[PDB]
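The next block holds one structure in the form of structure tokens; read it before the comments.
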Amino acid sequence: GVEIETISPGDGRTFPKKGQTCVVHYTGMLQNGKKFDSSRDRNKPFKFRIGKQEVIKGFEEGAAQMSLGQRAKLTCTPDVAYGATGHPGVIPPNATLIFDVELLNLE
Amino acid sequence: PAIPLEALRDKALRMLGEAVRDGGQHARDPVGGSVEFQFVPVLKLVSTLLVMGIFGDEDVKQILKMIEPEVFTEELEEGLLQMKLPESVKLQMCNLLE
Amino acid sequence: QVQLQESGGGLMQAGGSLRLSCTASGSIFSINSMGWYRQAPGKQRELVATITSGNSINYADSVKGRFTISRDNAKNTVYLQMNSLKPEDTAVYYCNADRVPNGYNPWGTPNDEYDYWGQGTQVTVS
Amino acid sequence: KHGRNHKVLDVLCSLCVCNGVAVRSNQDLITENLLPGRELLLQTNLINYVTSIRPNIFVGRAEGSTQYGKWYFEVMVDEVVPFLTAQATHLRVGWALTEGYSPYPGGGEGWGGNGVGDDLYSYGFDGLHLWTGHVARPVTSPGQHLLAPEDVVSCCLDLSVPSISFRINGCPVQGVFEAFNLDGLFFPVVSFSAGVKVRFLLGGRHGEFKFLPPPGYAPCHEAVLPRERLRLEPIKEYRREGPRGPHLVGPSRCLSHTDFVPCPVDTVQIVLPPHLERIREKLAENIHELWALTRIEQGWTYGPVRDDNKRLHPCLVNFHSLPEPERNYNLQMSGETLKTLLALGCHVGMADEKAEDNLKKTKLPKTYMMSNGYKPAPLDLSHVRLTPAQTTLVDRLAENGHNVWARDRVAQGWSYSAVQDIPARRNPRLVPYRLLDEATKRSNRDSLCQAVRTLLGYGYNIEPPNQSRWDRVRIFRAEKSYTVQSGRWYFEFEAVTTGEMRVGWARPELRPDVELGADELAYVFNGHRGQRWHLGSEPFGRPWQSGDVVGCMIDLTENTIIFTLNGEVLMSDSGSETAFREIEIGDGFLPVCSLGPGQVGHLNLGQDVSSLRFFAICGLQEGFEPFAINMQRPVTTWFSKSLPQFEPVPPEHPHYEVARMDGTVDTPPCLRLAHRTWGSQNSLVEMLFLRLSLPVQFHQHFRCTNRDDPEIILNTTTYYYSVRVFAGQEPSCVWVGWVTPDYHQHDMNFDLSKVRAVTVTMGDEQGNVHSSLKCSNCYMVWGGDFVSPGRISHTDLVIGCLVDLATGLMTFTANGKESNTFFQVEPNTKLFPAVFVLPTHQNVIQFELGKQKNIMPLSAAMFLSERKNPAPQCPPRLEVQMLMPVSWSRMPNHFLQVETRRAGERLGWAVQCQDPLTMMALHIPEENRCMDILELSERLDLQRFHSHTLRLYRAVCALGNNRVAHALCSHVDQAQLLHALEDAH
């Protein structure tokens, strides 16, 4: 599954639901600290809508269980991650993923 | 992968302009240690963007200015074809003229 | 080093006799003078009538009453007798030995700072 | 297995594409095989700088130290800009150690961005994490959030028991640091990045503790030294801003814990000549006279009943007439004075036996006496005044008296405070004599001056009787890209401080260790004494004065060097203006300057002719072009960083040789160390620190776990190595084991007690400590343990080591006997095999890659290819690296502008900085360290390897391989690319 650790307080009331569009500024490193993703350098929030399973299930669950204005950390196991069928060019297939999200602009 | 085309275009235009000014000034510290290292990557990027088509009409007008202000003028700065340049820069600017 | 203690000075009514002994165990050198200090609860610690070896007694403004003092150099003990008890006499009494003799030191800050205090004992007047 | 080379990268590039045809299968195979690992290949990313500021309050207890030991301070966080410039703002508060905590711009542990709590010499508290040894441990708190605006941080430190505790907004922090090293002094420190606003609170007139201090703790404002004043300052620096511009600063002098304890000399135990009963009696009489005069001036009178209020002298006699409790006191006073005088190495006695007759006293009018009457005439002593030697004698007497008083106070429990609190048994004068202000020194010295004047007036016979070098020497040089080979050049150096500056021209091969002028590489001038230094200091010109400027001059057309001072040419002894003649060009020359401890100075190049002073006088009209005049960018400079780092052993070391024989039968491959010059002239012996070039890493998850059994060989996780210590090498003061990548200690007398180790104990909601993890920089066997295991044995000492990557327990063994030295580590940690040796023989040590029964040799964990090969191997990559004390580092072009002021008595000192500053950091995977990308200018091999790596990236991404392009987007970022294009240096 996915492990939940808050980093900053948020609203805590209006949780996102299915059919809503959410933008996030996330940063993802390996289990050993090898960074692979950073939405900060892309200069563009990452957009996703819950229900289309376009993103991995661990990220979807973690985004759903948080509220807006709250920065948090996610630890995703290989089961909820890509698993043994990941990209052969960025990360090893079997590696727990640590993400630092801050969900904002709930829609 | 997608990178902001207009932002990259403006960045390239500004850095090309500053590189042209630096080259026009007789400085004993070329960017990267050589005139080739100072201009050839710049010219390659400019040609790539130009064939990509991102450059607008005004931007191409400015490019013509920094190539040659007196020849490319519409009814001071030193033309890019004027100062002595190495063979790689020569090839790149020949590609631009092509 | 020089560990000192007051013994006595319990609670009694007005005019009660109180024997406070004061003894300092330590190096016998620089043991020529000493005194007693009085600190009312929440007030400054002033000076009780001091005594120095040779039975040299020196009084102050806080001696209005019976403030008897007697020293013995052989056993190095000094006894303060508190027989006159007044409402303003309730205080913690400390006992302090010092090299400075007769309250004077032709040396300055070092010897002056060369003093030894004690734990002391609380005396209350009823 | 064969290190980093570019030929194999060229081979891979050839494999990728050929004849304008891209082999997608080969490209994808190469991608899968190397990209996901993110190891054995250089990595780059953009980071932010970190700056740390301390409160200039140093506290630390020792044997007899005057420090109170219990301290408490508070920090206000008012403005935070989270995720500024696409990066989270760094902000930490904690304590740091005076020695071992040397933060520098960039070059942090692991990747860049170091701060408090990233090194074992410092401890910091994050918003919800505790930082120590670059380890992040989240902390449970009633409110778990990062440092936010309007936040209160309380930090308390106890030295009696080694405790550091924290509290957030009145809620205590459930994690503390214990069992830390008490060597040195501790000071508050805050580390921060751009976009912060903090305020210090130390109590007293300064600031205000919004929360009451814990019982038994004292505010930090009272720990300021009497001559010191409260003022914020950075931890350490090598440059500063000033009216002329960049002013380089040298090493900074710092105090030690041993300084805080008084160290007097016993004097009463010393016997004295029989002059005490004759002349010391007269001196005591003089003391009586002067004291009586002091009372007379003060208005004290002669009343036989001693009363201070009524101003009555108990004796009430002109002669002191004091009894034994009084007379003896003054006599023993004078006797102790003479004992101290003799203990200072001076004589005690009489040398004229007639000068006392010449003394005639000073008669005074009758107004001096009153009441019963005491007018002791001051015995005139103008016949012999105090020589400077006598003044030094008085100073040392006062120092000794203050030290004996202070040792008595510390024995009876006196702790220094800025304020005076007798009920709390705290005085401002409890600091040592040399730490006292001039007023207390005068009060402890005046009477002793009078006594010494009495001695003189009578005319007595009294007569008067490596790593530190690296830390106290700093050197600055250029980028080496401007190595002039011909022409005439001029550059100026203003010596703001009179101290020892060494300025001159040096060859590009200047070793950081070698001092300027000690070798033929550098022709320098040292005007502290005013001589030119080259293979020795030879007189040349005159020494300068604070504020002077030196016009260094070189002409390679004439092969000479000229030094001018304030427009005046320094002129040699023989009559030649040139400092040196016939200076061959060789490999060119560069400006060089070296600063001493506690020194500042401005180094002006020829960039600004207008600011170049005296150039028209000397430099101009002689053809000497100002150096780097046409440069538009500032001349990048390199500073001699004094930081121990492990580097490979040079093959040309005159004293140490590495043999590396391997492939023997019944003996595993090994690496031998020999002393080339042992038992010969100039055979220097000193402590040596060695390690292997590659580490081994533990498993990410610590989930337990004759002829050797193959199944046990496959199943086993342990790895083994051995060390052969030859006869003649000291079995003590030697260590074998495993060190962290960031471990570095250049101690000349290193000990296993000298390693850095702190136990972070994690309290729960009930206050019970859990997760008591001991962060230690090293783990190896003690030399006393080695010698106990065991003249030196002729049989070579065998030192085996067993590492268990699955569970994390660490085992050691000596001569086939398992030594009691054992350890436990954390998952996802890598260690280097290290040997520390004190050479005492021609043949000292020999590292050995060996296996044992059902034990897998190190090479399997060391290299992935041989992970399942039982045969022990020693690939050429595995080499021995020695601890290098000093290495060269490049100064950043720009520095953060931090403004610190004192807002008021309520807000305290406010620190604010809001200018962003970013740089590209290049990280080494195996060494777990990073360096600036611009530093690769002088590192051609790494630059070439990185360039070939970029070429390999282009090859694998060539011909529209979009999947490979997306894969490479992770390794190389758009922001990194844009910063590279906008980079100028």
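Letters for chains follow the order of the structure tokens (A, B, ...), residue numbers begin at 1 for each chain, and ligand numbers begin at 1 in the order shown.
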Selection near residue 73 of chain B, 10 Å with only C-alpha atoms, sequence-local residues under 4 positions removed, as a JSON list (two decimals) with N, CA and C atoms, in the first residue's frame:
[["chain", "number", "residue", "atom", "x", "y", "z"],
["B", 61, "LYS", "N", 13.86, 39.62, -37.71],
["B", 61, "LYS", "CA", 14.37, 40.96, -38.00],
["B", 61, "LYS", "C", 15.54, 41.30, -37.09],
["B", 62, "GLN", "N", 15.39, 41.03, -35.79],
["B", 62, "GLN", "CA", 16.49, 41.28, -34.86],
["B", 62, "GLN", "C", 17.70, 40.42, -35.18],
["B", 64, "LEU", "N", 18.58, 39.41, -38.11],
["B", 64, "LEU", "CA", 19.20, 40.09, -39.24],
["B", 64, "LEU", "C", 20.01, 41.29, -38.78],
["B", 65, "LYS", "N", 19.50, 42.02, -37.78],
["B", 65, "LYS", "CA", 20.26, 43.13, -37.21],
["B", 65, "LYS", "C", 21.60, 42.66, -36.65],
["B", 68, "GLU", "N", 23.98, 41.72, -39.64],
["B", 68, "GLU", "CA", 24.52, 42.96, -40.18],
["B", 68, "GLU", "C", 23.52, 44.09, -39.99],
["B", 69, "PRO", "N", 23.81, 45.04, -39.10],
["B", 69, "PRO", "CA", 22.86, 46.16, -38.90],
["B", 69, "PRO", "C", 22.73, 47.05, -40.12]]
Notebook entry, point to check: How would you write, as an NGL selection string, the set of residues in chain A that DSSP gives as strand (DSSP E)?
Noted result: :A and (2-6 or 21-24 or 27-29 or 35-38 or 46-49 or 70-76 or 97-104)
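As for atom CA of residue 102 of chain C and atom CA of residue 309 of chain D, they are spaced 13.6 Å apart.
Here the residues within segment 2-105 of chain A that DSSP labels alpha helix (DSSP H) on the basis of the backbone are residues 39, 40, 41, 42, 57, 58, 59, 60, 61, 62, 63, 64 and 65 of chain A.
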Given only C-alpha atoms, how would the per-residue table for chain B near chain A read, listing every residue at most 12 Å away with its closest atom pair and distance in Å to one decimal, sorted by chain and number, as JSON lines?
{"residue": "B:1", "atom": "CA", "partner": "A:42", "partner_atom": "CA", "distance": 11.3}
{"residue": "B:2", "atom": "CA", "partner": "A:42", "partner_atom": "CA", "distance": 10.0}
{"residue": "B:3", "atom": "CA", "partner": "A:42", "partner_atom": "CA", "distance": 8.7}
{"residue": "B:4", "atom": "CA", "partner": "A:42", "partner_atom": "CA", "distance": 9.7}
{"residue": "B:7", "atom": "CA", "partner": "A:43", "partner_atom": "CA", "distance": 11.6}
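Using only C-alpha atoms, the protein and nucleic acid residues lying no more than 9 Å from residue 531 of chain D, apart from those fewer than 2 places from it along its own chain, are residues 525, 526, 527, 528, 529, 533, 537, 538, 539, 540, 541, 542, 543 and 572 of chain D.
Close contacts of residue 27 of chain D, defined as residues with an atom at most 12 Å away when counting only C-alpha atoms, with chain neighbours fewer than 6 positions off set aside, comprise residues 88 and 89 of chain A; 12, 13, 14, 15, 16, 17, 18, 21, 33, 34, 35, 952, 953, 954, 955, 956, 957, 958, 959, 960, 961, 962, 963, 964, 965 and 967 of chain D.
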May I have the selected residues written with N, CA, C and O atoms, as a short mmCIF file (atom, residue, chain, number, x, y, z; two decimals), in the first residue's frame?
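After the write, again26.cif holds the following:
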data_model
loop_
_atom_site.label_atom_id
_atom_site.label_comp_id
_atom_site.auth_asym_id
_atom_site.auth_seq_id
_atom_site.Cartn_x
_atom_site.Cartn_y
_atom_site.Cartn_z
N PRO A 88 13.10 1.05 -18.12
CA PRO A 88 14.50 0.63 -18.01
C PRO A 88 15.47 1.80 -18.13
O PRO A 88 16.66 1.59 -18.38
N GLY A 89 14.98 3.02 -17.98
CA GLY A 89 15.83 4.18 -18.20
C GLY A 89 15.85 5.22 -17.11
O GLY A 89 16.61 6.19 -17.21
N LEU D 12 31.18 2.22 -26.20
CA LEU D 12 29.73 2.18 -26.09
C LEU D 12 29.07 3.09 -27.12
O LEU D 12 28.05 2.73 -27.72
N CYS D 13 29.63 4.28 -27.33
CA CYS D 13 29.09 5.19 -28.34
C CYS D 13 29.16 4.57 -29.72
O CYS D 13 28.22 4.70 -30.52
N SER D 14 30.27 3.89 -30.03
CA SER D 14 30.37 3.18 -31.30
C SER D 14 29.32 2.08 -31.39
O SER D 14 28.73 1.86 -32.45
N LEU D 15 29.08 1.37 -30.28
CA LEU D 15 28.07 0.32 -30.27
C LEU D 15 26.68 0.88 -30.56
O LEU D 15 25.88 0.25 -31.26
N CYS D 16 26.38 2.06 -30.02
CA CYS D 16 25.04 2.63 -30.14
C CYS D 16 24.61 2.82 -31.60
O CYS D 16 23.65 2.19 -32.05
N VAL D 17 25.32 3.68 -32.33
CA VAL D 17 24.93 4.02 -33.70
C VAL D 17 26.15 3.92 -34.61
O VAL D 17 27.28 4.21 -34.20
N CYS D 18 25.91 3.50 -35.84
CA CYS D 18 26.97 3.40 -36.84
C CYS D 18 26.35 3.44 -38.23
O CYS D 18 25.24 2.95 -38.44
N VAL D 21 22.81 4.46 -38.95
CA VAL D 21 21.75 3.52 -38.60
C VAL D 21 21.81 3.28 -37.10
O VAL D 21 22.87 2.91 -36.56
N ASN D 33 20.89 -1.39 -18.81
CA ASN D 33 22.02 -1.87 -18.02
C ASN D 33 22.66 -0.77 -17.18
O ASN D 33 23.21 -1.07 -16.12
N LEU D 34 22.61 0.49 -17.62
CA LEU D 34 23.32 1.48 -16.80
C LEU D 34 22.44 2.58 -16.23
O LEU D 34 22.66 2.99 -15.09
N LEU D 35 21.46 3.10 -16.98
CA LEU D 35 20.69 4.24 -16.48
C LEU D 35 19.96 3.98 -15.17
O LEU D 35 20.07 4.82 -14.26
N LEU D 952 27.88 10.03 -24.67
CA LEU D 952 27.14 8.77 -24.61
C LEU D 952 25.64 9.02 -24.52
O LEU D 952 24.85 8.29 -25.12
N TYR D 953 25.24 10.04 -23.76
CA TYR D 953 23.83 10.41 -23.72
C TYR D 953 23.32 10.78 -25.11
O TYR D 953 22.24 10.34 -25.53
N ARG D 954 24.10 11.59 -25.84
CA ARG D 954 23.68 11.96 -27.19
C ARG D 954 23.60 10.74 -28.09
O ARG D 954 22.67 10.61 -28.90
N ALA D 955 24.56 9.82 -27.96
CA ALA D 955 24.57 8.62 -28.79
C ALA D 955 23.34 7.76 -28.52
O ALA D 955 22.71 7.26 -29.46
N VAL D 956 22.99 7.56 -27.25
CA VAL D 956 21.84 6.72 -26.94
C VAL D 956 20.53 7.42 -27.28
O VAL D 956 19.52 6.76 -27.54
N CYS D 957 20.51 8.76 -27.29
CA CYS D 957 19.31 9.50 -27.65
C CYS D 957 19.24 9.83 -29.14
O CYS D 957 18.26 10.43 -29.58
N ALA D 958 20.24 9.43 -29.92
CA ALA D 958 20.32 9.84 -31.31
C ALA D 958 19.23 9.18 -32.15
O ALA D 958 18.68 8.13 -31.81
N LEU D 959 18.93 9.83 -33.28
CA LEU D 959 18.00 9.32 -34.29
C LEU D 959 16.60 9.09 -33.71
O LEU D 959 15.99 8.04 -33.90
N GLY D 960 16.10 10.10 -33.00
CA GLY D 960 14.71 10.12 -32.59
C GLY D 960 14.28 8.99 -31.69
O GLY D 960 13.19 8.43 -31.87
N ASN D 961 15.11 8.62 -30.71
CA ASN D 961 14.74 7.60 -29.73
C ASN D 961 14.00 8.30 -28.59
O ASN D 961 14.57 8.68 -27.57
N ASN D 962 12.69 8.48 -28.79
CA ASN D 962 11.89 9.29 -27.88
C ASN D 962 11.80 8.66 -26.50
O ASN D 962 11.81 9.38 -25.49
N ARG D 963 11.70 7.33 -26.43
CA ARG D 963 11.66 6.67 -25.13
C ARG D 963 12.95 6.91 -24.35
O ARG D 963 12.92 7.20 -23.15
N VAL D 964 14.10 6.82 -25.03
CA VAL D 964 15.37 7.10 -24.38
C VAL D 964 15.45 8.57 -23.97
O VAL D 964 16.02 8.91 -22.92
N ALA D 965 14.88 9.46 -24.78
CA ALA D 965 14.87 10.88 -24.42
C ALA D 965 14.07 11.11 -23.14
O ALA D 965 14.52 11.83 -22.23
N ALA D 967 13.53 8.89 -20.85
CA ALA D 967 14.32 8.30 -19.77
C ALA D 967 15.41 9.25 -19.31
O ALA D 967 15.65 9.40 -18.10
#
Quick one: which chain B residues come within 8 Å of chain D, and what is the nearest atom pair for each with the distance in Å to one decimal, counting only C-alpha atoms, rows ordered by chain and ascending number, as JSON lines?
{"residue": "B:1", "atom": "CA", "partner": "D:966", "partner_atom": "CA", "distance": 6.5}
{"residue": "B:3", "atom": "CA", "partner": "D:974", "partner_atom": "CA", "distance": 7.6}
{"residue": "B:15", "atom": "CA", "partner": "D:982", "partner_atom": "CA", "distance": 7.4}
{"residue": "B:27", "atom": "CA", "partner": "D:630", "partner_atom": "CA", "distance": 6.1}
{"residue": "B:28", "atom": "CA", "partner": "D:630", "partner_atom": "CA", "distance": 6.5}
{"residue": "B:29", "atom": "CA", "partner": "D:631", "partner_atom": "CA", "distance": 6.3}
{"residue": "B:31", "atom": "CA", "partner": "D:984", "partner_atom": "CA", "distance": 6.3}
{"residue": "B:32", "atom": "CA", "partner": "D:985", "partner_atom": "CA", "distance": 7.1}
Print the selection's residues with N, CA, C and O atoms to a file, as a tab-separated table (two decimals), in the first residue's frame.
chain	number	residue	atom	x	y	z
B	1	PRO	N	9.82	15.08	-25.67
B	1	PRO	CA	9.44	15.89	-24.50
B	1	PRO	C	9.21	17.34	-24.88
B	1	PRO	O	9.84	17.88	-25.79
B	3	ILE	N	9.23	21.33	-24.12
B	3	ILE	CA	9.89	22.42	-23.39
B	3	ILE	C	9.28	23.72	-23.90
B	3	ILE	O	9.04	23.84	-25.11
B	15	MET	N	20.50	35.57	-25.02
B	15	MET	CA	21.87	35.09	-24.89
B	15	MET	C	22.66	35.28	-26.19
B	15	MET	O	23.86	35.56	-26.14
B	27	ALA	N	37.82	40.96	-25.99
B	27	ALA	CA	38.08	40.45	-24.65
B	27	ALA	C	38.97	39.22	-24.74
B	27	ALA	O	38.77	38.35	-25.60
B	28	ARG	N	39.96	39.13	-23.85
B	28	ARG	CA	40.88	38.01	-23.82
B	28	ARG	C	40.36	36.84	-23.00
B	28	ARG	O	41.13	35.92	-22.69
B	29	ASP	N	39.08	36.84	-22.63
B	29	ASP	CA	38.45	35.75	-21.89
B	29	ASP	C	37.18	35.33	-22.61
B	29	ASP	O	36.07	35.66	-22.18
B	31	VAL	N	34.00	33.18	-23.78
B	31	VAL	CA	33.12	32.29	-23.03
B	31	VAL	C	33.45	30.85	-23.40
B	31	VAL	O	33.41	30.47	-24.57
B	32	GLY	N	33.79	30.05	-22.39
B	32	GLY	CA	34.21	28.68	-22.62
B	32	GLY	C	35.67	28.52	-22.98
B	32	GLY	O	36.10	27.39	-23.24
Show me a table, sorted first by chain and then by increasing residue number, of the residues of chain C having an atom at most 9 Å from chain D, each with its shortest atom pair and the distance in Å to one decimal, counting only C-alpha atoms and written as CSV.
residue,atom,partner,partner_atom,distance
C:1,CA,D:412,CA,6.3
C:2,CA,D:412,CA,8.6
C:30,CA,D:329,CA,7.8
C:31,CA,D:325,CA,8.9
C:32,CA,D:325,CA,5.6
C:33,CA,D:325,CA,7.8
C:52,CA,D:325,CA,7.9
C:53,CA,D:325,CA,6.1
C:54,CA,D:325,CA,6.8
C:56,CA,D:306,CA,8.6
C:57,CA,D:306,CA,8.0
C:58,CA,D:306,CA,5.9
C:59,CA,D:307,CA,6.7
C:60,CA,D:307,CA,7.2
C:61,CA,D:309,CA,8.6
C:99,CA,D:329,CA,7.8
C:100,CA,D:329,CA,8.0
C:101,CA,D:326,CA,5.9
C:102,CA,D:326,CA,7.4
C:103,CA,D:308,CA,8.2
C:105,CA,D:330,CA,8.2
C:106,CA,D:291,CA,5.9
C:107,CA,D:447,CA,6.0
C:108,CA,D:444,CA,6.6
C:109,CA,D:444,CA,6.3
C:110,CA,D:402,CA,6.5
C:111,CA,D:405,CA,8.0
C:113,CA,D:405,CA,7.6
C:114,CA,D:405,CA,6.6
C:116,CA,D:412,CA,8.7
Notebook entry, point to check: For chain D against chain A, which residues fall within 9 Å using only C-alpha atoms, given as a PyMOL selection string?
Noted result: chain D and resi 28-29+31-38+83+85-87+127-128+144-146+700+828+963-964+966-971+973-976
Margin query: Which residues are close to residue 196 of chain D, i.e. within 7 Å by only C-alpha atoms, leaving aside same-chain residues fewer than 4 positions away? Reply as a VMD selection string.
Written below: chain D and resid 79 to 81 192 912 to 914
Checklist line | Within 10 Å of residue 5 of chain D using only C-alpha atoms, minus same-chain residues under 6 positions, as number ranges by chain | finding: D: 941-942, 944-945, 948
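You will find atom CA of residue 509 of chain D at 20.3 Å from atom CA of residue 882 of chain D.
Near residue 22 of chain A, within a cut-off of 6 Å and counting only C-alpha atoms, sit the residues residues 47, 48 and 106 of chain A, with same-chain residues fewer than 6 positions away left out.
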Next item on the list: To one decimal in Å, tell me the separation between atom CA of residue 102 of chain A and atom CA of residue 57 of chain A.
Entry: 17.6 Å
